[PDB]
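Peer 1: Protein chains in written order, with UniProt numbering: chain A, 390 to 437; chain B, 968 to 1016.
For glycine and all other residues, C-beta sits at the position ideal for the given N, C-alpha and C.
Mind having a look at this structure? Questions to follow.
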């Protein structure tokens, strides 16, 4: 593919807490630290 | 009629479900209701003829 624009975010969280990183989710991270838009397009990447 | 959705009430669906599946459920409901209205209009056109 080719993209009109690209932006990369980064942060550190727990392991099971990565579950909250998805569109329209609710939770401590999803609501009070970092929220993805419901129509977000892209990739979520995490590792130990 | 539920149209296969977990309920026929839009507010309850928006209440107990997250957007990822709430959008699919609402899409099901909207497709069903649009189909019913289209059937109504088609039958009305036949009866109008």
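According to DSSP, is residue 968 of chain B helix, strand or coil?
Peer 2: As a working mapping, residue 968 of chain B is identified with position 1 in the second chain. Looking at residue 968 of chain B - three-state DSSP - the assignment turns out to be coil, as it is neither helix nor strand.
Peer 1: Give me, in chain order, the residues of the same chain whose beta-carbon lies closer than 7 Å to that of residue 409 of chain A; leave out the 5 immediate sequence neighbours on both sides.
Peer 2: Mapped onto the first chain, residue 409 of chain A falls at position 20. Closer than 7 Å at Cβ, skipping near neighbours: 416, 418, 419.
Peer 1: Hey, is the stretch 968 to 975 of chain B in contact with the stretch 993 to 1004 of chain B, meaning 3+ C-beta pairs nearer than 8 Å?
Peer 2: Contact holds: three or more Cβ-Cβ distances are below 8 Å.
Peer 1: Throw me the rounded Cβ distance for the residue 414 of chain A and residue 979 of chain B pair, which I believe falls under 8 Å.
Peer 2: The residue you call residue 414 of chain A lines up with position 25 of the first chain. The residue you call residue 979 of chain B lines up with position 12 of the second chain. Rounded, the Cβ-Cβ distance is 20 Å, inconsistent with contact.
Peer 1: Among the residues of its own chain, which have a CB less than 7 Å from the CB of residue 406 of chain A, if the five just before and after it don't count?
Peer 2: On the first chain, position 17 is the one that residue 406 of chain A refers to. 418.
Peer 1: Along the chain, where does the alpha helix (DSSP H) that runs through residue 406 of chain A open and close?
Peer 2: Along the first chain, one-based indexing puts residue 406 of chain A at 17. No alpha helix (DSSP H) holds residue 406 of chain A; DSSP gives it neither H nor E.
Peer 1: Do the CB positions of residue 428 of chain A and residue 412 of chain A come within less than 9 Å of each other?
Peer 2: Residue numbering aside, residue 428 of chain A sits at position 39 when the first chain is read from its first letter. Residue numbering aside, residue 412 of chain A sits at position 23 when the first chain is read from its first letter. Yes, these two residues count as a Cβ contact at 9 Å.
Peer 1: Locate the alpha helix (DSSP H) running through residue 979 of chain B, then write down its first and last residues.
Peer 2: On the second chain, residue 979 of chain B is found 12 positions in, with the first residue counted as 1. Residue 979 of chain B -> alpha helix (DSSP H) spans 977 to 983.
Peer 1: How would you write the range of the alpha helix (DSSP H) that residue 430 of chain A sits in, first residue to last?
Peer 2: As a working note, residue 430 of chain A is residue 41 in the first chain. No alpha helix (DSSP H) holds residue 430 of chain A; DSSP gives it neither H nor E.
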